[PDB]
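Here the structure is laid out as C-alpha cells; the discussion comes afterwards.
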Amino acid sequence: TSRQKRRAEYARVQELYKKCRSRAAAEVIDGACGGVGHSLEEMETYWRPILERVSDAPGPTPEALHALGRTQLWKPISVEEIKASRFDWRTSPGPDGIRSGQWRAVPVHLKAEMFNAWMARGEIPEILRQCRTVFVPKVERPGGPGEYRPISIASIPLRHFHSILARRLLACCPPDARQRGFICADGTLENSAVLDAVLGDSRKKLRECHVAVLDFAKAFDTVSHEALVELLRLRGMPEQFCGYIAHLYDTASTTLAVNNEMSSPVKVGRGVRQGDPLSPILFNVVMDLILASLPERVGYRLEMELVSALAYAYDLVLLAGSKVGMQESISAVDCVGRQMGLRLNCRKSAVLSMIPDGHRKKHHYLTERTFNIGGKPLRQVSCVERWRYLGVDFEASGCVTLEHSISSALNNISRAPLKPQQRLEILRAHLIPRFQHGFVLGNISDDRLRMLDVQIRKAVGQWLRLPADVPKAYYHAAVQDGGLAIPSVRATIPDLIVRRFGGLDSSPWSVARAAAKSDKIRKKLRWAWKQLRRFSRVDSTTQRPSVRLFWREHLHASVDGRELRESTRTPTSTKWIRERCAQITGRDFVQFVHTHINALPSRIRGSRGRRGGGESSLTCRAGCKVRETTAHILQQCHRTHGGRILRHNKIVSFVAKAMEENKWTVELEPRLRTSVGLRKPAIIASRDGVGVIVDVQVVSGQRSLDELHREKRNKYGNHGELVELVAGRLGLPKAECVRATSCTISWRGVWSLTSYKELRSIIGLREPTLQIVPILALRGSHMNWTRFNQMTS
RNA sequence: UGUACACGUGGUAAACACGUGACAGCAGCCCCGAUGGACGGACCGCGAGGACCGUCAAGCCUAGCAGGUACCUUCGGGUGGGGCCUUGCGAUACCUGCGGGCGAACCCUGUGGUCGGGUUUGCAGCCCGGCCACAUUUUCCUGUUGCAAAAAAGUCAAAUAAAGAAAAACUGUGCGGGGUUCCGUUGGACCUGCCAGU
Ligand SMILES: [Zn+2]
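Numbered per the authors' numbering, the first sequence spans residues 305 to 374, 385 to 1107.
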C-alpha cells in the first residue's frame, strides 16, 4: 500500500538523517524521496541487460602511447599509514553486514596483515567483494525504468583498502597542472576565473574565441575493463597491480535491492564503479591520457599564456581561437573516447563561438550548429548561462538557468518527509554552499542575487508558516545572535569573490597568475569589495569585514527583534535553534519560532497599517481596555494568570530536579510571615552551612534583563529579616552565608547574563540543564497564548 | 570628459606654460517585490491607499533573467518609485524569448495525423505537454487509490466498482490505566476519576 511505502520511506530518511547528515541531505535535495514505484517487474528487465555489456574498445594505440609519452607502489602496508588515511566513517553498511563496529574493533595490526595477505594472494573474498545497488529516481515523478539511477555501495573493508591505494597513487604520480578537477585544493577555484578572463579579453581586443563545454556522462558506465587494464600496464605501473585490478573487475557482481526484494547477482561489463575511492583517481589517468592526446599548437593566447583545456570535476572545457583549431581537438577527444569506450552526451554538451568582425568594432555571436562530435551536431548557445561546473546539481544543457533548478531543489526539500527544523538545517548547510560556486562564472548583477534571496526567504516562510511582515534579518542573522542563520547569497557571493580572487595572484598555477593581471577580474574584485563593504560591518577585534555583525545590527534595531538584543551575550539562550533540535517535536518548533520573533497574531501585531477602525481592534479582548500587545497577552492578563503560574511552576520543578541531582536539600515554597507583609520565595536550598534563596522569574525584555534581575536580587537579599528567617530554618548561624539568587528568563527564551553567571557559579549545574530552560519558557509562553485564544466568552 | 593634487621639464619669482602620474581618489547614503487591464458609475477621511457594480478579447504587470536594434557618451558603460540631506564628475526608447503572479481557455477516456521534449539504443520503445473526430438524469451506503502526522480522525457522491438500493476548573518531581510525537529506562502535550483547598 502507498501508506506503507510512505511509512517506510519516512522511517528510512529519519534513520539516515540521524546517522549521517550529509548523505541524507544530498539524497533529499536531488529528489530521492519518492522511492521506487516500478517494483521488480519491468525494472530488472531494463537495468540488467544494460549492465553485462562489455565495450568493444580497441584500447590505446601507438599514437596515444606516444602522446602520453610527451615505481614505489605495492609497498608493504605498515600500521602508521592506516591511520594516516583520512576516512569518513559515517557511511552505509555493506551487504556483508559489517556497518562500522566489527571493523572499528579489530586492531590496526590485524587489518594491516589482512591487506598484506590480500595483495600477496591478489584475491578479494567474494563475500567482501559483493556489493549492492539501490535505485534513485531523477525527476520527482518517475515514469519509466530508464529515469532512475543505479547507485552502488560496496563493502567498508574494500573502501578502506582502496582509499590507501588512491592516496598512494595521488602521492606517487600527481596529475598534470591543467587537471584542476580531482585535486588537493578546491577544484573550481581558478577555472572560474580563467574562463572569465578569457571572455573579457576576447571582448576587449576583439579576438576570435571559441570555448566548448562537453561533459563526461556515463563515464562511470563506459570505461572498458581491458582498455583500462592495458592503459595501466603501459603507464609504467607494476604489471601485477594491473593484473589485480583486472581480477577485481573481471570477477564482479551486483545485487538488485528494490523494495527490500532480493535479486540474483548480475554481471557488469563496464568498469569504474560509482563511490569507490579508486574510481576518481583511475579516471584521472584517463584524463591525463586525453589531455596528452590534444594537438600541440592550439588554444587561446591569454597574455603570452596558452590556455586550451580546464578539466572540471566531470567536464572538459576546451578552448580555441580558430574555428578549424577546435575541430581537430574534438576529433582527437572522440577517437580517444571511442578507443577507450567513453561516451559523450551530445545533448548535454555545448559550444560557445565568438567571431569578431572588422570595420564595425562590435562582436558577433554565431547561432547555427557548425562543430560536431563524430557527426552528431553540437548545440550553439549564445549567452554563457551554463555555469554548472559545480559537480552535483546536474546540468540541463542550456535549457534553463541556475534558477528553475534551485526551485526544483526547494520543492524536493519541501515535499520530503522532514520536520520543519530538518529542512531548515538541510537548506542551511547543504543547499546554499552547493550552488554558490555557480553564481561566479560570468557577469553577475545585484538584482539576481536579491531575487534568489527573496525566493529562498519565501520558501523558508512557507516551511515555518511565518507571516509576510517579519524582519528579513531574522533569516540571515547568526544563531548566537538569535535567528535561523540562513546564509544569504546576496552577501556571500561578494564575500566568496573577495576571499578567493584576491589570492589569485598567489596561486602556484602559471595560468591563474596570468589571469590575475586582467581587466575583468579586477573590475569584478572592485565590485565585490564594494558590495561586501555595503553589506558588512568592520570587526572591532580584527578590523576585518564580517556579515554577521551587519545582520545583527539590523536585527536588534528592528521592532519585532529588539527584545532579542540580549541573546548575543549568553550563547545558551539560542541553543535550541540549531544544535538542540532533535529533542523538539515538529509543530513545537514552528510554535517556538512564532513566539520567538513575536509572529503570533495579536490585535496590535496582526493589524499593522490597518488600524483605521475603532478601539475594539486595539483594546484587549479580555476587557482590560488596554493596548492588546503580545506582551500584554503573555504577561499581564487575568485570563492568562493560571497559565502564568503553570509555566512558573513548570520551571521551578525542573530547576529543583537539577539541584537535587546536584545533591542539595531543596524546599518548595517556603512559608515565612514577615512583619512588613507577605513574602513568597520560590525555593531554598542549603549545603554544608551555606544556603541560597532561588526565585524564578519570567519577565519581558524591553528593559535590560540584568536590572530586572537586580530588582528582586536586592529585595530578597537585603530585606533584613527574611535572610535571618531562612538562616534559622535551614540551620546556618551566620546570616551572611545565605544570599539571594534569581533565575530571570525573558518570555522569548533569553537568559539573563548576571542571573546565568550566578546560577552557574553559586551552584554546580552542567550545561544541558541550562540549555532546556529556554525550551520551557517558550513552551509555557505559547501554551499561555493558546490558553488565551482557546475561548473568547 | 569635467573638478581638485604629486612629480618632472623650462624659468629670477608667480595668480606662467606643458607633459607624465597611487587599479590615483573625487559619478552620497537609506527604504520598497504587492499584481490582471481598458472604457461607464456608485464608496471612503471624495486626500497618499483600500470595496463593489457593467461589457471586451485575451492578454496584464515585473528595480527578475538572456539576446539583438537605435542613441548618449568617454574609453568604464548606461534606462523603477520614494526619503534624508549634502555638493558629492554619468548616461534612454522599444520590440524577441524564459521565469514569477494575475487573467483566460482546457477538461471523464482510447485510438491515429501530429508537433515540440526527456530516456536507452540506432527512429524500436516508456513517459510530459498542444490542435484535429468517436463514445438518460437526480437520490444513501460497503470495498480500491491522492495529501493530513501513527494502526485514526478528515476527505458524507476527490475519482470510483451487474457498484447494493430509491425518484424521474486548577493547583500538582501526586496517584491508575493504552503501539503512540519522535527520546535514546525519561521527558511537554491532550483522555478519565480520586487526593488538601479555592
Ligand atoms: Zn488583557
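Beta carbons: idealized from backbone N, C-alpha and C, even for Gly.
> Thinking just about the alpha-carbon of each residue, which of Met668, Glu1038 and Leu605 is nearest to the one in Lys637?
Replying inline: Working through the first sequence from its first residue, we reach residue 637 at position 323. For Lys637, the nearest C-alpha among the options comes from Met668.
>> Here's a check: name, in chain order, each residue in its chain whose Cβ is nearer than 7 Å to the Cβ of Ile604, leaving out the five neighbours to either side.
In response: Counted from its first residue, the first sequence places residue 604 at position 290. Closer than 7 Å at the Cβ level, and outside the excluded window around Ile604, lie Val647 and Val650.
>> When you measure from the CB of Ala842 to every non-hydrogen atom of ligand 1, does any distance come out below 7 Å?
In response: Mapped onto the first sequence, residue 842 falls at position 528. Not one heavy atom of ligand 1 is found less than 7 Å from the C-beta of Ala842.
> Hey, is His946 close to ligand 1, as in C-beta under 7 Å from one of its heavy atoms?
Replying inline: Along the first sequence, one-based indexing puts residue 946 at 632. Yes, the Cβ of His946 comes within 7 Å of a heavy atom of ligand 1.
>> Could you tell me the alpha carbon to alpha carbon distance between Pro781 and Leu869, rounded to whole angstroms?
In response: Looking up residue 781 in the first sequence gives position 467. Looking up residue 869 in the first sequence gives position 555. For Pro781 and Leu869, the distance between alpha carbons rounds to 17 Å.
> Leaving out five residues before and five after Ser1014 in sequence, what residues of the same chain have Cβ atoms less than 8 Å from its Cβ?
Replying inline: For this step, residue 1014 is matched to residue 700 along the first sequence. Hits under 8 Å: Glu877, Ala945, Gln949, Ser1060 and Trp1061.
>> Taking the straight line between their C-alpha atoms, what separation do you get for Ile391 and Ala560?
In response: As a position in the first sequence, residue 391 is number 77, starting the count at 1. As a position in the first sequence, residue 560 is number 246, starting the count at 1. Approximately 21 Å between the Cα atoms of the pair.
> Measuring from the CB of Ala936, is there a heavy atom of ligand 2 at a distance below 7 Å?
Replying inline: Ligands in the displayed structure: ligand 1; ligand 2 is not one of them.
> DSSP state of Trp417, grouped into three classes?
Replying inline: Here residue 417 refers to the residue found at position 103 when the first sequence is read from its first residue. Helix at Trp417.
> Candidates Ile412, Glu454 and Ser399: which alpha carbon is nearest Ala485's?
Replying inline: Here residue 485 refers to the residue found at position 171 of the first sequence. The candidate whose alpha carbon is nearest that of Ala485 is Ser399.
>> Let's see if you can read the secondary structure: which residues bound the alpha helix (DSSP H) around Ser721?
In response: By 1-based counting over the first sequence, the position of residue 721 is 407. Unbroken alpha helix (DSSP H) run through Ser721: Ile720 to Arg729.
> So does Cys951 have its beta carbon nearer than 7 Å to some heavy atom of ligand 1?
Replying inline: Here residue 951 refers to the residue found at position 637 of the first sequence. Within the cutoff, so yes.
> Given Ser506, which residues of its chain have a CB within under 7 Å of its CB, disregarding the five upstream and five downstream residues?
Replying inline: Here the question's residue 506 lines up with position 192 in the first sequence. The residues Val754 and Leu755, in chain order, have a CB closer than 7 Å to that of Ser506 in the same chain once the five nearest residues on each side in sequence are set aside.
> Looking only at DSSP bridge pairs, what is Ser466 linked to?
Replying inline: The residue given as residue 466 occupies position 152 in the first sequence. Note: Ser466 sits in a beta bridge opposite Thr447.
> Terminal residues of the continuous beta strand (DSSP E) containing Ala571?
Replying inline: Here residue 571 refers to the residue found at position 257 of the first sequence. Taken as a continuous stretch (DSSP letters only), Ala571 belongs to no beta strand (DSSP E), as it is neither H nor E.
>> Give me, in chain order, the residues of the same chain whose beta-carbon lies closer than 6 Å to that of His908; leave out the 5 immediate sequence neighbours on both sides.
In response: Taking the first residue of the first sequence as position 1, residue 908 is located at position 594. Counting only Cβ-Cβ distances below 6 Å, and skipping sequence neighbours, we find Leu914.
> By DSSP, does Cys1057 sit in helix, in strand, or in coil?
Replying inline: For this step, residue 1057 is matched to residue 743 along the first sequence. Strand.
> Leaving out five residues before and five after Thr806 in sequence, what residues of the same chain have Cβ atoms less than 8 Å from its Cβ?
Replying inline: By one-based count along the first sequence, residue 806 stands at place 492. Closer than 8 Å at Cβ, skipping near neighbours: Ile746, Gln750 and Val861.
>> Taking DSSP's pairing of strands, which residues face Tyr614 in a bridge?
In response: For the purposes of this step, residue 614 is taken as residue 300 along the first sequence, with counting starting at 1. According to DSSP, which records beta bridges pairwise, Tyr614 is partnered with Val621.
> Touching or not, the region 542–562 and the region 604–616, by the rule of three or more beta carbon pairs under 8 Å?
Replying inline: no
> Is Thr888 helix, strand or coil when you go by DSSP?
Replying inline: If you number the first sequence from 1, residue 888 lands on position 574. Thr888 falls in the helix class under three-state DSSP.
>> Using the three-state DSSP reduction, which class does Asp819 fall into: helix, strand or coil?
In response: Sequence index remark: in the first sequence, residue 819 carries index 505 (1-based). Correct three-state label for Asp819: helix.
> Below 8 Å between beta carbons: does that hold for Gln653 and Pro353?
Replying inline: Counting from 1 along the first sequence, the entry for residue 653 is found at position 339. Counting from 1 along the first sequence, the entry for residue 353 is found at position 49. Taking 8 Å as the Cβ cut-off, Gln653 and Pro353 do not qualify as a contacting pair.
> So, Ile998 versus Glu981, is the Cβ gap smaller than 8 Å?
Replying inline: As a first step, residue 998 is located in the first sequence; it is residue number 684 there, counting from the start. As a first step, residue 981 is located in the first sequence; it is residue number 667 there, counting from the start. Cβ distance < 8 Å, so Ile998 and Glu981 count as in contact.
> In terms of residues, what are the limits of the alpha helix (DSSP H) holding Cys649?
Replying inline: Taking the first sequence and counting its residues from 1, the one referred to as residue 649 is at position 335. Segment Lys637 to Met654, the alpha helix (DSSP H) holding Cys649.
> With a CB to CB cut of under 6 Å and the five nearest residues on each side skipped, what residues in its chain are close to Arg413?
Replying inline: On the first sequence, residue 413 is found 99 positions in, with the first residue counted as 1. These residues qualify, in order along the chain: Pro407.
> Any idea if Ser359 is buried or exposed, counting beta-carbon neighbours within 10 angstroms, 16 or more meaning buried?
Replying inline: The residue labelled residue 359 in the question sits at position 55 within the first sequence. Per the 10 Å Cβ criterion, buried.
> Between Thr884, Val393, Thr568 and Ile470, which lies nearest to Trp351 when the distance is taken from Cα to Cα?
Replying inline: Indexing the first sequence from 1 puts residue 351 at position 47. Closest option to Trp351, Cα to Cα, is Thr568.
> Going by C-alpha distance, which of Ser989, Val1006, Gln641 and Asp1002 is nearest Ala996?
Replying inline: For the purposes of this step, residue 996 is identified with residue 682 of the first sequence, where counting begins at 1. Checking every option, the nearest Cα to that of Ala996 belongs to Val1006.
> So, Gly1045 versus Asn976, is the Cβ gap smaller than 8 Å?
Replying inline: Start at 1 with the first residue of the first sequence, and residue 1045 comes out as number 731. Start at 1 with the first residue of the first sequence, and residue 976 comes out as number 662. Against a cut-off of 8 Å, the Cβ pair of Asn976 and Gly1045 comes out as no contact.
> Leaving out the 5 sequence neighbours to the left and right, which residues in its chain are closer than 8 Å to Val940 when beta-carbon positions are compared?
Replying inline: Taking the first residue of the first sequence as 1, we reach residue 940 at position 626. Within the same chain, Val940 has close Cβ partners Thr933, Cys934 and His946.
> Can you tell me whether DSSP reads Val537 as helix, strand or coil?
Replying inline: Taking the first residue of the first sequence as 1, we reach residue 537 at position 223. In the three-state reduction of the DSSP assignment, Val537 falls in the strand class.
>> How far does the beta strand (DSSP E) with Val980 in it extend, from its first residue to its last?
In response: Numbered from 1 along the first sequence, position 666 holds the residue referred to as residue 980. That run of the beta strand (DSSP E) goes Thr979 to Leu982.
> When the Cα atoms are used, what is the spatial distance from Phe849 to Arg866?
Replying inline: Locating residue 849 in the first sequence gives position 535, where the first residue counts as 1. Locating residue 866 in the first sequence gives position 552, where the first residue counts as 1. Cα to Cα, the separation comes out at about 12 Å.
> Where does the unbroken alpha helix (DSSP H) through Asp1020 begin, and where does it stop?
Replying inline: One-based indexing of the first sequence puts residue 1020 at position 706. Start and end: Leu1019 to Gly1031.
> According to the Cβ coordinates, are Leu810 and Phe968 closer than 8 Å?
Replying inline: Looking up residue 810 in the first sequence gives position 496. Looking up residue 968 in the first sequence gives position 654. Against a cut-off of 8 Å, the Cβ pair of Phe968 and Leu810 comes out as no contact.
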